[PDB]
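Breakdown of the fold
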Amino acid sequence: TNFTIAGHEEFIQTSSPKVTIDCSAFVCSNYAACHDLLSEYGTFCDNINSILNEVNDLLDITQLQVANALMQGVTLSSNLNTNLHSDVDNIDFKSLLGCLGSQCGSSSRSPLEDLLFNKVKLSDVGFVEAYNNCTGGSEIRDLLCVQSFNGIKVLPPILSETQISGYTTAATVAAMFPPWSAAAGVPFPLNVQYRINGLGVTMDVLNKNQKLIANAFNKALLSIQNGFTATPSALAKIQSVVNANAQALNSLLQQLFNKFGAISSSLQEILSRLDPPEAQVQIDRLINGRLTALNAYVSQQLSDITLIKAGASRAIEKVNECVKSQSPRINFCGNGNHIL
Amino acid sequence: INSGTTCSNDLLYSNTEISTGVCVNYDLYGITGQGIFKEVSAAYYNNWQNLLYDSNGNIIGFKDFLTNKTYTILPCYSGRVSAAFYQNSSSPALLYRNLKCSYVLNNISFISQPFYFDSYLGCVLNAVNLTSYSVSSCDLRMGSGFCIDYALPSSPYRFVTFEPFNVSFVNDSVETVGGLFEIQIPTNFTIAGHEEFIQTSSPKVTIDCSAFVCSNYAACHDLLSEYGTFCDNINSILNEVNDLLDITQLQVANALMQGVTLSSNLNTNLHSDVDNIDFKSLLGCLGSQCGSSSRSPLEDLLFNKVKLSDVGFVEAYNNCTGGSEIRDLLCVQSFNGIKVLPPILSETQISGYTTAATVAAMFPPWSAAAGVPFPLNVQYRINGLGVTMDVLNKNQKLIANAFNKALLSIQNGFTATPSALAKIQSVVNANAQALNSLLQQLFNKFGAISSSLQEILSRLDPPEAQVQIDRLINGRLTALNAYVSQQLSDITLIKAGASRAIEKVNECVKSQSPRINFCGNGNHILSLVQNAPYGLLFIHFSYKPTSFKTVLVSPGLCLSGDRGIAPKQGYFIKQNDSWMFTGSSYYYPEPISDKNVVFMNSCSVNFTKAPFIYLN
Amino acid sequence: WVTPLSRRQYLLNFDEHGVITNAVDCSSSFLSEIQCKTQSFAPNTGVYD
Ligand SMILES: *[C@@H]1O[C@H](CO)[C@@H](O)[C@H](O)[C@H]1NC(C)=O
Ligand SMILES: *[C@@H]1O[C@H](CO)[C@@H](O)[C@H](O)[C@H]1NC(C)=O
Ligand SMILES: *[C@@H]1O[C@H](CO)[C@@H](O)[C@H](O)[C@H]1NC(C)=O
Ligand SMILES: *[C@@H]1O[C@H](CO)[C@@H](O)[C@H](O)[C@H]1NC(C)=O
Ligand SMILES: *[C@@H]1O[C@H](CO)[C@@H](O)[C@H](O)[C@H]1NC(C)=O
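Reading guide: rules and limits
- The residue numbering used throughout counts from 1 along each chain in the order its sequence is written. It may not match the entry numbering, and residues with no coordinates are not shown.
- By the order in which they are written, chains take letters starting at A while ligands take numbers starting at 1.
- These chains belong to a larger assembly; the numbers reported describe only the chains shown.
- The side-chain figures draw on all heavy atoms in the structure; neither hydrogens nor water molecules are used.
- Residues with missing side-chain atoms are left out of burial classes, side-chain pairs and their counts.
- Strands here are runs of E lasting at least two residues and helices are runs of H or I lasting at least four, both read from the DSSP assignment and numbered beginning at the N terminus.
- Exposure is judged per residue with a 1.4 Å probe applied to protein chains only, and the accessible area is read against the type maximum: over 50% gives exposed, under 20% gives buried, and values in between give partly exposed.
- Any residue with a heavy atom positioned within 4 Å of a molecule or strand is treated as near that molecule or strand.
- Polar contacts, as used here, are pairs of N or O atoms within 3.5 Å; protein pairs need one atom able to donate a hydrogen and one able to accept it. Residues neighboring in sequence count only if both atoms are side-chain atoms.
- Using a 1.4 Å probe, the Shrake-Rupley method yields the accessible areas, and only the shown protein chains count as cover for residues.
- Any two residues whose heavy atoms approach within 4.5 Å are treated as being in contact.
- When two parts are brought into contact, each loses some accessible area as probed by a 1.4 Å sphere; the total of that loss over both is the buried area.
- Each reported salt bridge corresponds to a side-chain nitrogen of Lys or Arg within 4 Å of a carboxyl oxygen of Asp or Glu.
- Whenever a pair of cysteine sulfur atoms sits within 2.5 Å, that pair is classed as a disulfide.
- For two strands to be treated as a pair, DSSP must find at least two bridges joining them.
- Comment: axis = line fitted to C-alpha atoms, over the contacting stretch for helices; angle = value between 0 and 180 degrees taken between N-to-C directions.
- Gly falls in the polar group here, along with every residue not listed as nonpolar (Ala, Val, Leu, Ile, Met, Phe, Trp, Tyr, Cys, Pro) or charged (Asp, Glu, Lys, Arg).
- An expected span of 1.5 Å times one less than the residue number is assigned to each helix.
- UniProt positions are given in the numbering used here, feature names are shortened, and annotations may be inferred rather than shown by experiment.
- In this tally, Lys and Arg are treated as positive and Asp and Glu as negative; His is ignored, and so are the chain termini.

In terms of determination method and resolution, the entry is listed under cryo-EM at 3.26 Å.

The name given to chain C in the PDB entry is Spike glycoprotein, with Human coronavirus HKU1 as the source organism.

Chain B is annotated in the PDB entry as Spike glycoprotein from Human coronavirus HKU1.

1. A short note on unusual backbone geometry
Of the consecutive residues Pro178(A) and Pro179(A), the connecting peptide bond is found in the cis state with omega at 0°. Along the chain, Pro364(B) connects to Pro365(B) via a cis peptide bond; the corresponding omega equals 0°. One can find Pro365(B) in the loop between α8 (349–359) and α9 (374–383). A positive phi is found at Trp366(B), a non-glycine position, where the angle reads about 55°. Positionally, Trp366(B) belongs in the loop between α8 and α9. Judged by its relative accessible area of 23%, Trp366(B) is partly exposed. In this structure, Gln569(B) is a non-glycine residue whose phi angle is positive, near 55°. Along the polypeptide, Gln569(B) turns up in the loop between β25 (564–567) and β26 (570–574). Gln569(B) sits in the exposed class, given a relative accessible area of 59%.

2. Here's the deal with the site of ligand 3
Residues and elements named next belong to chain B. Neighbouring residues of ligand 3: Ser 136, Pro 164 and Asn 166. Within the side chain of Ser 136, a nitrogen or oxygen atom sits 3.5 Å from an oxygen atom of ligand 3. Here ligand 3, which alone exposes 370 Å², has 37% of that area covered by the protein.

3. Overview of the interface of chain B and chain C
Between chain B and chain C, the contact holds 16 residues from the first and ten residues from the second. Between chain B and chain C, roughly 1,200 Å² of surface is buried when both sides are summed, and carbon and sulfur atoms account for 61% of that area. Looking at the side of chain B facing chain C, the largest losses of area belong to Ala83(B), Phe85(B) and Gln87(B), adding up to 42% of the total buried there. Across the salt bridge formed by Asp49(C) and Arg80(B), the nearest N and O atoms sit 3.3 Å from each other.

4. Focus: the state of the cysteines
Residue and element names in this part refer to chain B. For the structure shown, the criterion picks out 15 disulfides over all chains. Between the sulfur of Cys 138 and that of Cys 147 lies a disulfide, 2.0 Å long from S to S. As the torsion about the S-S bond is roughly -85°, the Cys 138-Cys 147 disulfide counts as left-handed. As far as the burial class goes, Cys 138 and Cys 147 line up, both buried. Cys 320 shares a disulfide with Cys 331; S-S distance 2.0 Å. Disulfide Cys 320 to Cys 331: torsion about the S-S bond roughly -85°, handedness left-handed. Of this pair, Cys 320 sits in the loop between α6 (310–318) and α7 (331–334) while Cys 331 sits in helix α7, and the two are eleven residues apart along the sequence.

5. Here we look at the sheet that holds strand β5 (residues 70–74) of chain B
All names here are of chain B. Spatially, five strands are ordered β1-β2-β5-β4-β3 in an open sheet, and the strand pairing comes out antiparallel. Across the chains shown, the open sheet's two edge strands, defined by having one partner strand only, are β1 (24–28) and β3 (51–53). Neighbour-to-neighbour, the strand axes of the sheet open up by a mean angle of 45°, direction not taken into account. By the bridge criterion, four bridges tie strand β2 (residues 31–39) to β5 in an arrangement that is antiparallel. Paired with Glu 39 across the bridge in β5 is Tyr 71.

6. A few points about the interface of chain A and chain B
Every contact between the two is made by 67 residues of chain A and, on the other side, 66 residues of chain B. Here chain A and chain B share an interface that buries about 5,900 Å² over both sides, 56% of which is from carbon and sulfur atoms. Of the charged contacts in the structure, one is a salt bridge between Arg515(B) and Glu321(A), with a shortest N-O distance of 2.4 Å. Put simply, chain A and chain B have 24 residue pairs in polar contact between them. For the side of chain A that touches chain B, the leading source of residues is helix α14 (residues 280–323) of chain A, giving eight residues. Looking at the side of chain A that touches chain B residue by residue, the classes come out as 30 nonpolar, 26 polar and eleven charged. Bridge count between strand β2 (residues 75–77) of chain A and strand β14 (residues 168–170) of chain B: three bridges; the pairing is parallel. When the sheet's bridge partners are listed, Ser77(A) is paired in β14(B) with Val170(B).

7. Quick word on helix α11 (residues 397–412) of chain B
Residues and elements named next belong to chain B. Compared with an ideal rise of 1.5 Å per residue, which puts 16 residues at 22 Å, α11 spans 22 Å between its outermost C-alpha atoms and is within 8% of the ideal. If you check which residues of α11 are buried, you get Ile 399, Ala 400, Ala 402, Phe 403, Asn 404, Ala 406, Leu 407 and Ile 410. Of the surrounding secondary structure, the elements contacted by the buried residues of α11 are β16 (189–199), β19 (277–278), α9, β21 (524–532) and β22 (535–545).

8. As for the UniProt feature "disulfide bond" in chain C
Residues and elements named next belong to chain C. A sulfur-sulfur distance of 2.0 Å is found between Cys 26 and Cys 36, whose disulfide is recorded in UniProt, and that is short enough to count the bridge as formed. With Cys 26 in the loop between β2 (20–25) and α1 (30–38) and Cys 36 in helix α1, this pair connects stretches of sequence that are ten residues apart. Look at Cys 36 and you get partly exposed, because its relative accessible area is 23%.

9. Description of the side chain of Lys153(A)
Secondary-structure assignment places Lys153(A) in strand β3 (residues 152–155). Here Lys153(A) occupies a buried position and makes no salt bridge, while the nearest side chain of opposite charge, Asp49(C), is found at 9.6 Å. For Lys153(A), the residues in contact, after removing those within four places along its chain, are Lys18(A), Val19(A), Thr20(A), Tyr131(A), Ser148(A) and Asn98(B).

10. Observations regarding the sheet that holds β16(B)
All names here are of chain B. Ordered in space as β16-β22-β21, the three strands form an open sheet in which the pairing is antiparallel. This sheet does not close on itself; its edge strands, each paired only once, are β16 and β21. For this sheet the average axis-to-axis angle between neighbouring strands, irrespective of direction, equals 20°. Summarising the sheet, β16 and β22 pair through eleven bridges and their orientation is antiparallel. Considered in β22, the bridge of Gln 199 is made with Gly 535. Contacts between α9 and the sheet are confined to β16, β21 and β22, with β21 contributing the most and set at about 125° to the helix.

11. What about the environment of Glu590(B)?
All names here are of chain B. Mapped onto the secondary structure, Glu 590 falls in the loop between β27 (579–583) and β28 (597–600). Taking C-alpha positions, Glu 590 is 30 Å from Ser 168, a pair spaced 422 residues apart along the chain. Those residues in contact with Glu 590 that lie beyond four places of it in its chain are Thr 388, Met 580, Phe 581 and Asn 596.

12. As for helix α8 (residues 161–172) of chain A
Each α-helix turn comprises 3.6 residues. Residues three or four places apart therefore point the same way. Taking 1.5 Å of rise per residue, twelve residues should cover 16 Å, and α8(A) covers 17 Å from first to last C-alpha, within 8% of that figure. For α8(A), every residue scored as buried is listed here: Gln163(A), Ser165(A), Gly166(A), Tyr167(A), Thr169(A), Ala170(A) and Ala171(A). Next to the buried residues of α8(A) lie α3 (45–70), β2 and α4 (111–117) of chain A together with β13 (157–162) of chain B.

Following this line, the structure appears as C-alpha cells:
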C-alpha cells in the first residue's frame, strides 16, 4: 500500500598494485663477488622479469578497457556544471560530483570519494609520497624504503586516480542534463517513473508522489554518505586487499634472513670469515632458496591475476548493462526491484 | 668474530671523526658495513649495552665509547633507472623515480647532462617539459598519465600528458528556455562497420621427459628414475589442458551449428546475392561441387599473413627429415621432446560452419532471424532505435549501398596493420618466445662443471658425476614446473575468452538480444561471425548519424480534463503552432496517435498545457 | 697509438662469410646495456629497467 526507496552499496575490485622485483639486487647480494657465481645459472632472471611485465601489461589493458567502457557514448554540453545548480527536481547530487568546468583544475574527486580515499594510506599517490622521502630522510622504522633498497618496488598505473575520477563523474552528469546520453534521451524523473512502472505501480500514484521520491533519494544518499563513519562491508575489502599485499611483501622480504642450510644469513659475514675456495658452497644454498621463493611469488601472482581479470570483466559488464542503460534482466544489477 | 675488543696490530690505521650525511664504509670496533650516520640524542643506553639491534638482527644504532655519543645508521640508496628508447634513436631518455635532479647530479651521476628536469615521478634526463600538450596514444607509457613522444627535430624526446579518451561537446543550453529543452536530432544517417577479434583456441604443446632431461644416456635415466613419478604429473597436466581445449573447440562448433535449417536445393553456386547486397566475400562452398579445402576471401586474406597456422606447424614438421633446410628452430624443438599437435577440428570445417551460419540469415526459412527476411530484419532493428518507418520504407537502396561500402572498407582495411592481425601475431609470437625460453634452459650450467651430459660423463667418474647430473636434473625439473604453471595460468584466460565468444555468438549473431551496449556501441544493428587463425572475427554494423539539427522539445504535455500524455521513445515538437511527435533518432514529424504515446489520469505542473490536441 | 686492455664482455656480429662487422661494449652507456640485454643491434621501442 505504501512504499519507499532504499539504497545499497557494493564494491568491485578492478586493479592491483604492480609489483616489480629486481633480480641481481635481491637473490645474490648488493656486492660484486656474488654476480660472478650468479651468472653461472644462465638466463634464470629473464622469466621472473617477464612474468611481472606480462602481469603489468594485463593490468594496463584491463584498466584501459574499464576507461573505454566508462567513456563510451557520452555527449555533454559546452556550458557544463561551472558552479551551476547540481540538483535536478529537488534531488541533490552534489555529494557524488566533482568539477568538470574550465576552472577547478588539478582536483576532480567528489566528496564521497574523499571519505574512501582518506581511510586508506597505501593508495596510488601513497607509494609516490612514501618513496620520495627515503632520500631526504624518512621514518627510521619505515619498511617501504628497505623494500625499495632490496629491489621490491610498486609502480603506479598508467592512469592517475584524478583522471579516473573525472571519467567517472563525466558519466553521472550525462543523465542529468540535455542531452541524456545515459538514459537514451529520457529525462531523469521520467526515466525513474518508467523504470518503476514496470513493477506494477500505476502512473496516477507516481504523478502525485514526486516530492516523496525526491525525499527518499535524498535520505538514501545521506544515509550512504554517513555510513562511512563506521566499518561497512565496502571498506572491509578495500582494507583487506592492502593488508594482503603488505603481508605478501613482508613474507617475500623475510626470505633474506633465512639460513637455508648455510652458516649465516648475510654474505658480509661469510666473505669476512671464509675464502673463495670455500664460499660458493655456502652461497649456492642461499641462491637456490631465494630463487625458489621468487618462483613461488611469481606463481602466486600469476594465480591471482586470473581472479583480478575476472572481477574486472564483471565490473565492466555491470557498468555497461546497469548504469549506462536499462537491461531487462531481473536479479542482475540489484536485489530484485532495481530502479537505478 | 667481528665483534669485541681484542684488536689486532697487524694492519693498523688512524682513528677518524664519524662523518654524517654521506654513504661511507665503517669499521666500528669490529663491525663493518656501509651506511649513513646521523647524530641523535638517546637516553635508553645502560652501562652494559652500547649497540642497537632490530627485530631481525640488524645494527640500527650504536653508542661510541670515546665521545659518549649516540648515532643511528641508515642504509644507502640502491635502485634502477628507467630508459625509454625509440626504434632508431641515438640515446634513450632517462628517468630516475622518486629522486630529485638535485640529488642525482651530485651524488649518483657525474656526467654533464645539459637536459634535466623534475616531474611528479622523479628526475627526467634527455627530455623537454611539454606537459601542456596532450596526446591520444603512445608506445612508451611511464605512469600517472604521462608519456614520452619521439619527434624528429635539443632533445628529440617530449614529456607530454596521456589522455586516451575525451567527451563530445555540443554548444547548447542546459536551462529550461520557456519550459522546453534544446536538443540535437540527426537528419541524415549511414551504416558503419566495425571489426573485432576474439581468441578461442591455443596451440597444443606436448613435452617428454625421456628426451628433455636425459636425451639418450643410461646413467642419466638411472638417476632420473629415483625421483619417482615427478614427470608423470607434467604429462597428466598437459593431457588435461589438451582435453580442455578440445572440449572448448567442440562447444564452439556446437554453438555455431545449433538449429540451423537449410534447403537442399541451394548447391547452385549462384545464390549469393540478396537485396542487392554482395556476400561473396563471406560465403564459400555449400554443397558437394567442391574439394576438400574451402574458405572465404576474408579468411584466406587473414590466413595468408599468418604462417604458424594449423597447417603451418604440420608443413614445418614435415620438412625435418627431408634435407632441404633443417636449420629452422622448429625441428630442434621436436628433437628434444617439445612438439606442437594439431587440434581435432581443422580450419576448413569451421569455415563451413561459419558459412552455414551466415547463409542461415539470408535464405528461407531464415533460421537465424526468427523467420524474418534480411531487409525486414534490418529495418526492424534500425526502427528499434527510435526512427520512423516511412523513411525506412522509402530509402532501401541506400541501406544496401551502405552495407556494401562498409563491407568493402572492412575487406580493404586488412591491407593495413589493424589490431586484429596485431593480436593474431602477438599470440603466436608469445608462444614462440615461451618455447624458446623453455628450450634455452638446456644450455644452463645450474652450478655445474658444464651444461652438457657428454662433457660431464666423459670427464670424471660416476661418484663425482652423480651430483653434477643431479644439479641439471633439478634445474630442468624446476623449469618444466614453471612452464606447466604458466600454461595452467594461460588456459584459464583462454577458456574465459572462448566462453565470452560463445556467448557473443549466441546472443549477437544467431539471435537479436535486447541487451544494449553488449554487441556494439549502443547503435548496434547486426553482427556476423567468421573464422580466423586461433579465434573468431566479428563484423558489427552500427547506425552512424552524419548531420544534426537543433530543436526545442517538451517531455510530455497536459491535455484538457486533467489528463496527461507522455512520449514513447521520442519527443514533442511545436511546428506551425501545433504539437507534433518526432523520433529520438530522426526528424520526421508525425501526428500524435494512440499507439504512439502513453496516457495518464493526472498531469504535473511541469508539463506544458495544450488543450487543443483533440487526437483521442 | 696505444690503449689499455681489460677483461670485458662484448657483443659481436658475424656476417655470412664470418667476418666481425659490429661490436658493442656492454659497459659503456645505457644504449649498450639495452643492446646487450636484447642481444640485438636494433632493439624495439620501449621502456627498459
Ligand atoms: C651529496 O653530495 C653533496 C656534495 O658533494 C654532499 O654535501 C651530500 O652530503 C651528499 N649526499 C649524500 C647522500 O651522499
Ligand atoms: C662516558 O661515560 C662513562 C660512564 O660514566 C664515563 O666513565 C666516561 O668518562 C665517559 N666518557 C666521556 C668522554 O665523557
Ligand atoms: C581526443 O582528442 C585528441 C586531441 O584532439 C585526439 O588526438 C584523440 O583522438 C581524441 N580521442 C577521442 C577518443 O576522441
Ligand atoms: C543524405 O546524404 C546522401 C549522401 O550525401 C544524399 O544522397 C541524400 O540525399 C541525403 N538525404 C537527405 C535527406 O539530406
Ligand atoms: C524486391 O523485389 C525485387 C524483385 O525480385 C527483388 O529484386 C528485390 O531484391 C526485392 N527487395 C527487397 C528489399 O525485398
